[PDB]
Amino acid sequence: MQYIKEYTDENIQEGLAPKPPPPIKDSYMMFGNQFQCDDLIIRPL
Amino acid sequence: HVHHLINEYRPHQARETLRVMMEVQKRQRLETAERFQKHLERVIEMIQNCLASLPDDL
Amino acid sequence: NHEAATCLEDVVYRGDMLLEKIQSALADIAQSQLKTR
Amino acid sequence: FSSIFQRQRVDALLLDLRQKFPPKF
Amino acid sequence: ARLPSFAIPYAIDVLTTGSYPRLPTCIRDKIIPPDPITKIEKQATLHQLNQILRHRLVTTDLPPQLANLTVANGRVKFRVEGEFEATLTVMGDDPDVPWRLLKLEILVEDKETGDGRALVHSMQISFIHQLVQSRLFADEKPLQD
Amino acid sequence: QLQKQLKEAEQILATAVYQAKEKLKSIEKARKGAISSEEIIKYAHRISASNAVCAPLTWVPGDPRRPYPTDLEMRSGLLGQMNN
Amino acid sequence: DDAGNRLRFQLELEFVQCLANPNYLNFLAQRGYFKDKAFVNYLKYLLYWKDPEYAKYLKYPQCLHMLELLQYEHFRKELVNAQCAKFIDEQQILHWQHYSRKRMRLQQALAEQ
Amino acid sequence: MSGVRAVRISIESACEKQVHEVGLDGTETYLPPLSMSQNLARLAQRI
C-alpha cells in the first residue's frame with residue numbers, strides 16, 4: 001500500500017486553509033473496475 | 001432469449017414493499033391519534049366531575 | 001402521508017396548548033401552597 | 001519512565017458520649 | 001445469467017445514518033469501555049430529581065420545627081442554621097428509597113478554644129455518616145427519627 | 001379533600017400526558033428526514049448490485065465476498081495501481 | 001489544480017477502505033504504527049467520512065466502525081495478536097449474514113405455510 | 001422513472017425489530033427494554 005502526506009497537513013490548519021469541499025462530479029467517475037457513471041442505461045436489450 | 005425475459009421484478013418488487021409497511025406506521029400514527037382524543041376528553045370529563053364536585057364538596 | 005403528518009401535528013398542538021395551560025394551572029396553585037407554609 | 005492539645009479532654013468527654021451513645025448496628 | 005439481491009433497507013442505514021446498525025454490537029460491548037454522562041441532559045435529570053424530591057417530602061412524614069431547606073441542584077440541603085447543614089439525595093426512585101448523607105458539616109464553632117483548627121476531625125464525620133447510613137440501611141422512617 | 005382530589009386528579013393526568021408528551025416528541029424526530037423514493041430504489045441498486053452490503057443466499061466459510069473489499073479489490077483498486 | 005483534489009479524494013477513499021480490512025490494521029499493529037504521534041494526529045483527523053456527503057463515495061460499513069475504536073487509543077495497544085483481529089473479522093462476517101439469515105427465515109415461514 | 005418528481009416524503013425504516021447477537025443457524029434474540037421512570041433511578045445510583 002501507500003501512505004498519504006500531501007493533504008493530511010493541509011486540513012489540520014486554521015481558517016479556510018483546509019480545502020473546500022469538491023463539487024459534485026457530473027462526468028466520468030473512476031471508481032473501481034467499472035465506471036458507474038451517471039445517467040447510464042439500466043440494461044442492454 | 002428465455003433467460004433475459006424472466007428477470008423484470010428486481011426494481012418492480014421494491015415498489016410494493018416500500019409501500020406496504022408504511023401504512024402500518026401510518027396506522028400506528030392513526031391508532032395513536034384517536035388514542036389522543038380518547039385521552040384528552042377522558043381528562044376533560046375528569047376536570048368536569050372535579051368541577052362538578054367542586055361546589056358540592058362544601 | 002403528508003396530511004397524516006398535519007393531522008397528527010394538529011392534535012399534538014391541541015395537546016400543546018392544553019398542557020401549557022394546565023401545567024400553568026398546575027403551577028399557579030403549585031407555588032401558592034409554598035407561601036402557605 | 002495533629003492535635004489542639006485539648007483533644008485529650010475532647011476525646012475524654014467524647015468517650016463519655018460513647019458510653020451513652022454507643023455505635024449502633 | 002442469474003442476478004443476486006439488492007436490498008433497499010441497508011441502503012437506508014448507509015445513507016441516513018453515518019453508523020451501521022447491522023454490525024455486531026457485542027464487539028464494542030465486550031472490549032471498549034463505555035462513555036459517561038454528557039451535558040444538556042444532566043440539567044433535565046437533576047430537575048427531574050428536583051421534582052421527585054419536592055414531592056417526596058410533601059408525602060413523607062416531615063418534622064416541621066425548624067428545618068428550612070432548598071431542594072435545588074438535586075440536594076435537599078437539610079439545614080437548621082444553628083448546628084446543622086447536610087445535603088441528602090435520594091439514590092433512586094421516589095416512594096420507598098432510603099437516603100444518603102452526601103455532604104456533612106456542623107455550624108457550631110468557637111474562635112479561641114482550638115488552636116485555629118477545625119475542632120472536629122473528618123473521621124468522626126464519616127463515623128456519623130455511615131452511622132446515619134447504616135441506619136439509613138436499617139431503613140427506618142427517615143425524617144422523624 | 002379538595003387538595004387531595006386536586007393532586008391525584010392531576011397525578012393521573014400527569015401520567016396521561018407523560019405518555020402523550022412522549023408521543024408528541026417521538027413524531028418530532030420522525031419527519032426530520034425525507035428522501036424521494038426513486039433514488040432510494042437506485043441507491044440500493046448501486047451499493048449492493050452484487051451481494052456487497054447484504055450477504056448472498058448461499059454463503060459458506062471461505063467466500064471472498066466480505067463486507068470489507070478484501071485484498072483483491074484493493075490491489076485491483078485504484079490506489080494499488082497508480083502509486084504502488 | 002483539479003488534479004490534486006480528485007487524486008487525493010480517491011487516494012484517501014481507499015485508505016479508509018484499506019482501513020476497512022481488519023487484517024490491514026493488524027498489519028499496522030506488527031508494524032507498530034498505532035502509537036506514532038504523527039499517526040495518532042493523523043487518525044484523529046481521518047474521522048471526516050462520517051458525513052453522508054463524503055459517504056456517497058464510501059461503499060463499505062466497518063471502515064468507520066473500527067476507526068472509532070482506534071480513536072480511544074485503548075484499542076490501538078492491542079491487535080498485536082492476530083487472534084483478536086481475527087475475532088473482529090469473524091464476528092463481522094458472522095453478522096454480515098444478517099440479511100441472508102433474516103431472508104431465509106421469512107422464506108422458511110412462507111414455505112412452511 | 002416515467003417522469004416522476006422528486007419530493008420530500010417521509011419513509012420510516014423498519015425499526016420494529018433490532019439485532020444484537022446471532023446464534024447458530026440464525027434465530028437471534030430481541031431485547032429492547034423500553035423502561036419507565038425506573039431509568040431515573042439508575043442515573044442517581046452512580047451519583
# chains A, B, ... in the order shown; residues from 1 in each chain; ligands from 1
>>> interface_residues(of="chain H", to="chain F", cutoff="7 Å", atoms="only C-alpha atoms", output="list in words")
residues 6, 7, 8, 9, 10 and 11 of chain H
>>> write_last_selection(atoms="N, CA, C and O atoms", output="tab-separated table (two decimals), in the first residue's frame")
chain	number	residue	atom	x	y	z
H	6	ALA	N	-39.30	14.60	-7.81
H	6	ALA	CA	-38.59	14.37	-6.56
H	6	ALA	C	-39.14	15.30	-5.48
H	6	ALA	O	-38.97	16.52	-5.57
H	7	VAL	N	-39.80	14.73	-4.48
H	7	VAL	CA	-40.32	15.48	-3.34
H	7	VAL	C	-39.84	14.83	-2.05
H	7	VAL	O	-39.21	13.78	-2.05
H	8	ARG	N	-40.15	15.50	-0.94
H	8	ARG	CA	-39.68	15.07	0.37
H	8	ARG	C	-40.83	14.42	1.15
H	8	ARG	O	-41.50	15.04	1.97
H	9	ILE	N	-41.04	13.13	0.88
H	9	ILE	CA	-41.99	12.32	1.63
H	9	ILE	C	-41.26	11.53	2.70
H	9	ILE	O	-40.09	11.14	2.55
H	10	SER	N	-41.94	11.32	3.83
H	10	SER	CA	-41.38	10.63	4.98
H	10	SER	C	-41.46	9.12	4.78
H	10	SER	O	-42.53	8.58	4.50
H	11	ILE	N	-40.32	8.45	4.93
H	11	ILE	CA	-40.24	6.99	4.97
H	11	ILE	C	-39.53	6.62	6.26
H	11	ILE	O	-38.42	7.09	6.51
>>> closest_atom_pairs(of="chain G", to="segment 69-82 of chain F", cutoff="7 Å", atoms="only C-alpha atoms", output="JSON lines")
{"residue": "G:11", "atom": "CA", "partner": "F:79", "partner_atom": "CA", "distance": 5.7}
{"residue": "G:14", "atom": "CA", "partner": "F:79", "partner_atom": "CA", "distance": 6.3}
{"residue": "G:18", "atom": "CA", "partner": "F:74", "partner_atom": "CA", "distance": 6.9}
{"residue": "G:21", "atom": "CA", "partner": "F:70", "partner_atom": "CA", "distance": 6.4}
>>> atom_distance(atom1="atom CA of residue 9 of chain D", atom2="atom CA of residue 105 of chain E")
22.1 Å
>>> select_by_dssp(residues="chain B", states="helix (DSSP H, G or I)", output="count of residues only")
47
>>> atom_distance(atom1="atom CA of residue 81 of chain G", atom2="atom CA of residue 32 of chain G")
12.0 Å
>>> closest_atom_pairs(of="chain H", to="chain E", cutoff="6 Å", atoms="only C-alpha atoms", output="tab-separated table")
residue	atom	partner	partner_atom	distance
H:41	CA	E:92	CA	3.9
H:44	CA	E:91	CA	5.3
H:45	CA	E:91	CA	5.2
>>> write_last_selection(atoms="C-alpha atoms", output="PDB file, in the first residue's frame")
ATOM      1  CA  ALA H  41     -33.088   5.838  39.456  1.00  0.00           C
ATOM      2  CA  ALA H  44     -28.738   8.700  40.517  1.00  0.00           C
ATOM      3  CA  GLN H  45     -27.214   5.422  41.753  1.00  0.00           C
TER       4      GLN H  45
END
>>> interface_residues(of="chain E", to="chain F", cutoff="7 Å", atoms="only C-alpha atoms", output="count of residues only")
7
>>> interface_residues(of="chain B", to="chain H", cutoff="12 Å", atoms="only C-alpha atoms", output="PyMOL selection string")
chain B and resi 11-12+15+17-26+28-29
>>> decode(residues="segment 43-125 of chain E", atoms="C-alpha atoms", output="tab-separated table (two decimals), in the first residue's frame")
chain	number	residue	atom	x	y	z
E	43	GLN	CA	-29.86	19.50	33.93
E	44	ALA	CA	-33.13	17.82	32.98
E	45	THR	CA	-32.43	14.71	35.06
E	46	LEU	CA	-31.40	16.85	38.03
E	47	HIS	CA	-34.60	18.86	37.65
E	48	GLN	CA	-36.40	15.53	37.48
E	49	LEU	CA	-34.61	14.81	40.75
E	50	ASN	CA	-35.71	18.28	41.85
E	51	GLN	CA	-39.36	17.42	41.29
E	52	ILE	CA	-39.37	13.94	42.83
E	53	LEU	CA	-37.68	15.33	45.94
E	54	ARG	CA	-40.20	18.16	46.34
E	55	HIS	CA	-42.97	15.59	46.05
E	56	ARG	CA	-41.27	13.06	48.33
E	57	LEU	CA	-41.18	15.47	51.24
E	58	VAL	CA	-44.80	16.62	50.91
E	59	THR	CA	-45.64	12.91	51.28
E	60	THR	CA	-43.05	11.70	53.79
E	61	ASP	CA	-43.59	12.44	57.49
E	62	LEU	CA	-41.98	15.85	57.94
E	63	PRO	CA	-40.74	17.32	61.25
E	64	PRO	CA	-41.98	20.89	60.97
E	65	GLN	CA	-39.88	22.63	63.66
E	66	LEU	CA	-37.01	24.50	62.00
E	67	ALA	CA	-35.57	22.52	59.05
E	68	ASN	CA	-35.61	25.11	56.30
E	69	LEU	CA	-34.41	23.58	53.04
E	70	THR	CA	-33.97	24.13	49.31
E	71	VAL	CA	-34.14	21.02	47.13
E	72	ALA	CA	-32.19	22.83	44.40
E	73	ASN	CA	-29.45	21.05	42.41
E	74	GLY	CA	-30.58	17.57	43.43
E	75	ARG	CA	-29.81	18.04	47.12
E	76	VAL	CA	-32.43	18.91	49.71
E	77	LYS	CA	-29.89	20.98	51.71
E	78	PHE	CA	-31.16	19.78	55.08
E	79	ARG	CA	-30.24	22.59	57.45
E	80	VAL	CA	-31.06	24.24	60.72
E	81	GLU	CA	-28.84	27.30	60.74
E	82	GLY	CA	-27.59	26.85	64.31
E	83	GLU	CA	-25.83	23.48	64.18
E	84	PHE	CA	-26.63	21.53	61.05
E	85	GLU	CA	-26.11	21.51	57.31
E	86	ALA	CA	-26.23	18.44	55.11
E	87	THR	CA	-27.13	17.52	51.55
E	88	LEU	CA	-29.38	14.49	51.33
E	89	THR	CA	-30.32	13.00	47.99
E	90	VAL	CA	-32.48	10.01	47.12
E	91	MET	CA	-30.33	7.37	45.42
E	92	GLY	CA	-33.22	6.02	43.37
E	93	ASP	CA	-36.94	6.41	42.76
E	94	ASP	CA	-39.45	8.39	44.78
E	95	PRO	CA	-41.57	6.25	47.16
E	96	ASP	CA	-39.58	3.69	49.15
E	97	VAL	CA	-35.96	4.84	48.87
E	98	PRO	CA	-33.53	5.41	51.74
E	99	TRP	CA	-31.31	8.46	51.71
E	100	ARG	CA	-27.63	9.30	51.64
E	101	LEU	CA	-25.77	11.93	53.61
E	102	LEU	CA	-23.79	13.26	50.61
E	103	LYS	CA	-22.36	16.24	52.47
E	104	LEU	CA	-22.00	16.87	56.19
E	105	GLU	CA	-20.95	19.94	58.10
E	106	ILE	CA	-21.59	21.40	61.55
E	107	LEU	CA	-22.47	25.05	62.14
E	108	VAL	CA	-21.23	25.05	65.75
E	109	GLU	CA	-17.87	26.77	66.21
E	110	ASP	CA	-15.63	28.78	68.53
E	111	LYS	CA	-12.72	31.03	67.59
E	112	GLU	CA	-10.38	30.52	70.58
E	113	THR	CA	-10.97	27.06	72.07
E	114	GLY	CA	-8.99	25.19	69.42
E	115	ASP	CA	-5.65	26.29	68.02
E	116	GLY	CA	-7.10	27.81	64.86
E	117	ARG	CA	-8.14	24.31	63.76
E	118	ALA	CA	-11.45	22.71	62.94
E	119	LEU	CA	-12.18	21.15	66.32
E	120	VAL	CA	-13.68	18.07	64.73
E	121	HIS	CA	-11.72	15.68	62.58
E	122	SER	CA	-13.27	14.38	59.37
E	123	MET	CA	-13.05	10.79	60.65
E	124	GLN	CA	-15.93	11.43	63.05
E	125	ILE	CA	-17.88	12.98	60.16
